[PDB]
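One chain comes next, on its own, written as structure tokens: the form deposited in one PDB entry.
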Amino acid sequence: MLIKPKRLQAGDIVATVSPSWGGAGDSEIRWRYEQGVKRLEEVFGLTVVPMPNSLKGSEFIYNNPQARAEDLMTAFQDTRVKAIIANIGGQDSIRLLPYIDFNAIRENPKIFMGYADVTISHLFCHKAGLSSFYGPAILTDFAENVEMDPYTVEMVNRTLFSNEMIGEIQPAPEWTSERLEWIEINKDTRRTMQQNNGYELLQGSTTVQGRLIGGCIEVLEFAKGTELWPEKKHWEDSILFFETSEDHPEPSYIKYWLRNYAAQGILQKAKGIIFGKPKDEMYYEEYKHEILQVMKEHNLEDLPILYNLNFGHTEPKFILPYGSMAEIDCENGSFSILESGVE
């Protein structure tokens, strides 16, 4: 259904963009952007170019959604650019909708990656028929202090640099979502890691497969009822993926949002669901309760649901290509992606 982009290799040009929060250009955060760029260059051998408006600071970017859209279009129409990586999420990229040229995306298939509010930009790509990548961003992942997490590095290599099958996604040995201020004084401080416990199967007893769709569950709400919402066919036999933001949405909202997916008939079309580890593991237990209660309310207690995966608002993370075939193995408690991320 979706176009798969070509793989990356050393020497390729990558564009960085600010479709949401324009913090990367602020003077006190700039060192952090530059640190992320350095890893793209040294660890992955890439060349990085910032789009013209992407570093003009949070105030300009907030007031100029059209200029943000232009940056995206510029990056897509530049044939030298082989991948596009968002600097960071935010909250208001839905304002870009009027100014997006979907054909400029459709005609220029390439890697587009990010998460959280960048979910909206992923829906741009999706609507244009392009498979994009729910994954690490410049400021939060590539710019990790002292060194990048080996796990994230591995998943970037497996998903964007190898054209082989991604295969089974093993859980990360450790995780963190500790708040460490992005001021240069902290650049040589490591974040504290916690031991990770691996995946949890909330319900389900069969092995299922289906194509990946979803994103940040708070942000997906922004697109409901708009032209940006994926057509009915995209939800058929899908594997839904959801993750929650740093705002720690209350469990009751997780319930309301999933009820709406049922009211849309989406939960009844799904082959399975996977959930990202909540930030700080806040509401870890309470979310399970609300998820299972909704499944019970709608007679969907046999639907495979996998919990505590390493995507979303904790580090490190793996990468989810929209539309790629994925598998939940309930007898084994595992999750796989049964194709390559790139051509």
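A residue's number is simply how far along the shown sequence it sits, counting from 1.
Keep in mind the form deposited with a small molecule bound is missing from the figure; the text below concerns it.
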Open item on the list: Please identify, from 234-242, 202-210, 115-123, 166-174, the stretch that has a heavy atom within 4.5 Å of the small molecule in the deposited complex.
Closed with: 115-123
- [ ] Counting non-hydrogen atoms within 4.5 angstroms of the small molecule in the deposited complex, say which of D101, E250, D92, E246 makes the cut.
- [x] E246
Task: Candidate from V48, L55, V294, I29 lying within 4.5 Å of the small molecule in the deposited complex - any heavy atom - done: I29
- [ ] May I ask whether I88, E181 and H313 all come within 4.5 angstroms of the small molecule in the deposited complex, judged by heavy atoms?
- [x] yes
Open item on the list: Considering non-hydrogen atoms and a 4.5 Å limit, does the small molecule approach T152 in the deposited complex?
Closed with: no
Task: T159: touches the small molecule in the deposited complex, heavy atom cutoff 4.5 angstroms - done: no
- [ ] State yes or no: in the deposited complex, is some non-hydrogen atom of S131 no more than 4.5 angstroms from a non-hydrogen atom of the small molecule?
- [x] no
Open item on the list: Can you tell me whether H289 touches the small molecule? I mean in the deposited complex, with a 4.5 angstroms heavy atom cut-off.
Closed with: no
